[PDB]
Amino acid sequence: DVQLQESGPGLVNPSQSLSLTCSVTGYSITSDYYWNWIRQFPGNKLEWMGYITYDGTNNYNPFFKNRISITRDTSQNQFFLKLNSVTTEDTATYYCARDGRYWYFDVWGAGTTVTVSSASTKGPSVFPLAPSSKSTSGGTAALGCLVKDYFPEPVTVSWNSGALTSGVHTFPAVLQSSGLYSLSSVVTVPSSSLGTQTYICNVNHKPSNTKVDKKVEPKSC
Amino acid sequence: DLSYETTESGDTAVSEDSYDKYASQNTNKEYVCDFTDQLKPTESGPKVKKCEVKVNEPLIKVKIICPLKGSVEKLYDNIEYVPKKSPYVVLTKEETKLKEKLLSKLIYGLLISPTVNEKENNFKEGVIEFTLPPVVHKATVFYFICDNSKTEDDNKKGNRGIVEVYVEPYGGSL
Amino acid sequence: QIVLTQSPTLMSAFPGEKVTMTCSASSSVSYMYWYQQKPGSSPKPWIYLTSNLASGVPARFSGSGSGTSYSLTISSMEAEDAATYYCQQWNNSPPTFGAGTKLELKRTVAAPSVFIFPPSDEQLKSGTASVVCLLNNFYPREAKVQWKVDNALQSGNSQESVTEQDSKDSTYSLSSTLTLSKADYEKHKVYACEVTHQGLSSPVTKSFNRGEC
Amino acid sequence: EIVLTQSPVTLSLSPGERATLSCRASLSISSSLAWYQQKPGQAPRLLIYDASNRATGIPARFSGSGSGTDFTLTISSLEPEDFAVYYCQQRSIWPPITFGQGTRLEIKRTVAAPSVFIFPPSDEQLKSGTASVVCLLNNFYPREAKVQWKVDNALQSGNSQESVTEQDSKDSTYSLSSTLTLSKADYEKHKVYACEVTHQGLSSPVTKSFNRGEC
Amino acid sequence: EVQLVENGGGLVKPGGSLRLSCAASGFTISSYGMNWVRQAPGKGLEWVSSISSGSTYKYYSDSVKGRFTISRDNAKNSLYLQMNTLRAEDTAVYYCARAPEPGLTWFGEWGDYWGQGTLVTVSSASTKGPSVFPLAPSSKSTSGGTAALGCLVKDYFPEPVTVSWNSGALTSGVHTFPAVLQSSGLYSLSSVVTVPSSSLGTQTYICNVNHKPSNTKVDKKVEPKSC
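Chains as they are written, first to last, in the entry's author numbering: chain C, 1 to 35, 35A, 36 to 82, 82A to 82C, 83 to 100, 100A, 101 to 216; chain A, 561 to 734; chain B, 1 to 27, 29 to 214; chain E, 1 to 95, 95A, 96 to 214; chain D, 1 to 52, 52A, 53 to 82, 82A to 82C, 83 to 100, 100A to 100G, 101 to 216.
What follows is the structure in structure tokens.
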């Protein structure tokens, strides 16, 4: 089994060059396969970008005109995507993939979101949401926390540092007019048992390198 | 990972560039060399029928038909298909000599079905067949040889058949 | 640039039901490839060489076609098979992809639970007031959310967000964020959230009073 | 060279009948045979290609068949426009590509006895220095007719050359011309010249005579 | 509509040379293999040569190779044959034929359309006009309307000729026999007509002959003799 990986430059401003690394383990990059890059536009089509062969030969998508390089470091089992002169349309989730047996894409990497904006990378704010009860509770309660003003996306949101694995409710990000992303995460609990677990809202922002942990405690309505 | 140092001249028969030369029968995306009748013995001297398969398109299927030993009474009693492992093993020209090469390392991406029809894709069953890939990077020419010259009936000797497959590059972007 | 036009753009099926998806190439291709992408994952490869299936794929899955017409048929729709399916050709370079056919699982039972969350006191100290309205465990995806401030409609100051389908129960969740400043928030007391949804018996109004509640 | 022999060499048949034509190959060619019609002094015309597929605009009565050595053109019900010479051709083992030698279709008629005419040389022909005496057979069926020249009741050979017309479109008969070529030094040294016609519609062989000079 | 027209045939003395052309009309030649077939007078058809599109593969008979060269202009829609060092064996009518593209297996509608024919005569005998001598019906004085008369065309080269009666007004009961080659190498034929025997005085008969080599037109009257 072959495993692929993609490196992590999440934000490039436009009119700059974009470089990405696909790291391979488990199989030698110079034996028998073709080594592709595929982008995925947001919730959208795939554009096959290119490959470098075992031999070193290059074959690129002709929509890109003498602006991309796919190269390789054989001693590190790595191949590299170099897209010059990026624009805001070039914002996409990028994947590397070993060739299929003949002319498809069998083994895929995990993928990397690269957002392209002429903006400053900012850290999130976490504001608590408590189970103050109103009518039609159902005999149960729900609590949560709000992430505001982070740039760029993604973040990883966990409850009690991963010691709460059941009930997966994290909302997708929305962009405000400021240009800063915002999302929220929720958990459902029984309403008579609010002081048993200590609900921690654990947020990691990997571009602005932010670690926020917030406790959620109930209110007096 | 199976090859040998066979050496073939391209013609062990005495004829040299007085070969009868022909192109394949290219219907739609199938280019066919059909040696069923042009190899059975007519004139007393063996002559050489060469079949040329020139390809510059993606996904051209190439089918080569050589007749088996004794599928008709008396006419093909001593046929030789070289390379025996073909379509997996082909011949390429090495300085006025023909030597075996692995086809899958030669053209990457080449589509070879294990059974040509229901029977195995080998000249043992009498037809070989392969489909050329969407991207071919360097121009490649390779050879298949099917020989009826050893066969003699009524003091007439059969003809010798060569397939030359010439692929021009396509798919390239550079 | 061979144009693969995948139809339908979206579909919803019951479990057990048979589903066929199509892909229309703009010219003659000799073989079609197919992939499944679940959200938050790689596109695993499902069909190669129009008929062959990559290992790790159930035998109910099928691919078929010729010419310009290709299709994917599932004989038994299951919960696991709910993802988006892409076609790909490589008849000639460059390999192109279709836009995808999004597949969903259909559950009649809807139990929406609406929970309301006021802005934090720390947020109000920051000069900001974002009010959160939450919709839980509901199906279908259509629900209209309206904000009212002392019985008055809001004209484009709220933005909402929809989750994807949960794998456990095939239900959804929705959030509505009202983003506000401080001076127009603390000059009103009573706030209300409006849920109009097809699975409700009456449209749910939920209120709170500022500061005291 | 694959040699293709075609039988029968001449076939006689009334219209509205089934007509089967046989093409035989030296060495079992693989059904590459074509079948052509040719009328007198005209371009050939393709009837059946690939031994069993008929050509576009060739009638449905023409049907090719066969395999290996033996191939067969079948014309299922004859018409007057079907009477012509026919050729098979192989392209299985080639170069060269080879033809048959031909098969005639005449029309079958009720038997017609020849009208026998003998013609003296002209006097201007005698003054040019050569002398041709002509025997004509008109409107007879079948094509086979024996003509003998007799000079003073004695058989002479090798001075004669003959030619036969095509079939008439409605009489379905033929005509025959036989020329006795001599010199004036050999012609003026004789008396009586005669034509002997042996034909099926004649009951005894018809002699037509000529006396020199006076008549 | 769809035509194949040859020109270029002729009488060349033996060992001579001659270029033959086939011009097509109504279809594109480029997707078609093109061929030449000859037919000597009184025998079947015999293949001369074949050429592929463009000219990548050209093929000849054994008797014409070395002497003859085949070629093609796709843009002019034309096929051409160059015939050198000619023999009297080469005397024939030469036809071109369209075919599907040649292969190891030439399976198709070969000879879908054929040319008109051109005549190539190879003999030493120089082109001579005919001599017309009448054959009179005076011996055929039999009652009941049975008379035959004619005129003899002798010692002309090369073929063809046209023999017409009353400048074209007598076509019925007329038999023109095929020409035959003499020991001299020239040609002879005769034309005969059956008329009613009562029409020998009042109706009079012209033998109009045109021999298109050397522009030879001779009209000769056919008159009865004394017995």
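Backbone N, C-alpha and C fix where the C-beta goes; we use that ideal spot for every residue, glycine too.
Give me the Cβ distance between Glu590 (chain A) and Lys621 (chain A), rounded to the nearest whole Å; I'm assuming they're in contact under 8 Å.
Contact flag correct, Cβ pair sits at about 5 Å.
Close Cβ partners of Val181 (chain D) (< 6 Å) along its chain, the five nearest in sequence each way excluded:
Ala137, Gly139, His164
Beta-carbon contacts of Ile117 (chain E) that lie in its chain and below 6 Å, excluding the five residues immediately before and after
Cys134, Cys194, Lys207, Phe209
Which runs of the beta strand (DSSP E) at least 3 residues long sit entirely within the segment 114-195 of chain C? Give them in chain order.
With a minimum length of 3 residues, the continuous beta strand (DSSP E) runs that stay inside the segment 114-195 of chain C are 120-124, 135-145, 150-154, 176-185.
Please report the distance separating the alpha-carbon of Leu170 (chain D) from that of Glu148 (chain D).
10 Å
Are the segment 643-661 of chain A and the segment 568-586 of chain A in contact at 8 Å, needing three or more beta carbon pairs?
yes
Three or more C-beta pairs under 8 Å: does that hold for the segment 78-92 of chain E against the segment 25-36 of chain D?
When Cβ pairs closer than 8 Å are counted between the two stretches, the segment 78-92 of chain E is seen not to touch the segment 25-36 of chain D, the count staying below three.
Rounding to the nearest angstrom, what Cα-Cα distance links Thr74 (chain B) and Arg94 (chain D) in this structure?
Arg94 (chain D) has its alpha-carbon roughly 49 Å from the corresponding atom of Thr74 (chain B).
Simplified DSSP assignment, three categories, for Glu81 (chain E):
helix
Identify which residue in B:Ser176, B:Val30, B:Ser52, B:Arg108 has its Cα closest to the Cα of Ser65 (chain B).
B:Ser52
Nearest-angstrom Cα distance between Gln90 (chain E) and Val615 (chain A)?
Near 29 Å, if we compare the C-alpha coordinates of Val615 (chain A) and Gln90 (chain E).
So, under 8 Å CB-CB, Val608 (chain A) and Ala573 (chain A) are touching, yes? Tell me the CB distance rounded to an integer number of Å.
6 Å
For a test of the three-state rule: what should DSSP assign to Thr84 (chain C), helix, strand or coil?
helix
Return helix, strand or coil for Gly66 (chain B), following the three-state DSSP convention.
strand
For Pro14 (chain C), which residues of its own chain have a beta-carbon under 7 Å away from its beta-carbon, when the five flanking residues on both sides are left out?
Residues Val82C, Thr83, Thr84, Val111, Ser113 of the same chain have their beta carbon placed closer than 7 Å to that of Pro14 (chain C), with the five preceding and five following residues left out of the count.
What do you reckon, are the CB atoms on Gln171 (chain C) and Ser180 (chain C) nearer than 8 Å?
no
Opening and closing residue of the beta strand (DSSP E) in which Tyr186 (chain E) lies
Where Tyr186 (chain E) is concerned, there is no enclosing beta strand (DSSP E), although the alpha helix (DSSP H) it sits in stretches over 183-186.
Would you mind telling me which residues of chain D sit closer than 9 Å to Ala573 (chain A), beta carbon to beta carbon, in chain order?
In chain order: nothing, as chain D lies at least about 18 Å away.
Are the beta-carbon atoms of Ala88 (chain C) and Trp103 (chain C) separated by less than 8 Å?
no
For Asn586 (chain A), which of helix, strand or coil comes out of DSSP?
strand
Chain-order list of residues whose beta-carbon lies under 7 Å from that of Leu125 (chain E) (same chain, five-residue window excluded):
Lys183
Bridge-paired residues (DSSP) for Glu187 (chain B):
Its beta-bridge partners do not exist; DSSP assigns none.
What does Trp99 (chain C) touch in chain A if you count any residue whose Cβ is under 7 Å from its own?
Under the 7 Å cutoff, chain A gives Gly669, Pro693, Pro694.
Opposing strand residues paired with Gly10 (chain C) [DSSP bridges]
The partner list for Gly10 (chain C) (beta bridge, DSSP) is empty, contrary to what the question assumes.
Quick one: what's got a C-beta closer than 7 Å to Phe209 (chain B)'s C-beta in the same chain, skipping five residues either side?
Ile117, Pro119, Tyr192
Can you tell me whether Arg38 (chain D) is buried or exposed? The criterion is at least 16 other CB atoms within 10 Å of its CB, across all chains shown.
buried
Between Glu46 (chain D) and chain E, is any beta-carbon pair separated by less than 8 Å?
It does: the Cβ of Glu46 (chain D) has a partner Cβ on chain E nearer than 8 Å.
Output yes if chain A places a C-beta closer than 8 Å to the C-beta of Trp91 (chain B); else output no.
yes
If you draw a straight line from the C-alpha of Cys140 (chain C) to the C-alpha of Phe122 (chain C), how long is it?
6 Å
Is the beta carbon of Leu10 (chain B) sitting closer than 8 Å to the one on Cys88 (chain B)?
no
Run the CB neighbour count on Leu138 (chain C), radius 10 Å, all protein chains shown included, and call it buried at 16 or more, exposed below.
With 16 or more neighbouring CB atoms inside 10 Å of its own CB, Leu138 (chain C) falls in the buried class.
Alpha carbon of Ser186 (chain D) to alpha carbon of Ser173 (chain D), nearest angstrom:
The straight-line gap from Cα to Cα measures roughly 36 Å.
Under 8 Å, Cβ to Cβ, is there at least one residue of chain E near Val592 (chain A)?
no
Is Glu85 (chain D) helix, strand or coil by DSSP?
helix
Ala699 (chain A) CB to nearest chain D CB: under 8 Å?
no
With a threshold of 8 Å between beta-carbons, can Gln598 (chain A) be considered close to chain E, or not?
For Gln598 (chain A), the answer is yes, since a Cβ of chain E falls inside 8 Å of its Cβ.
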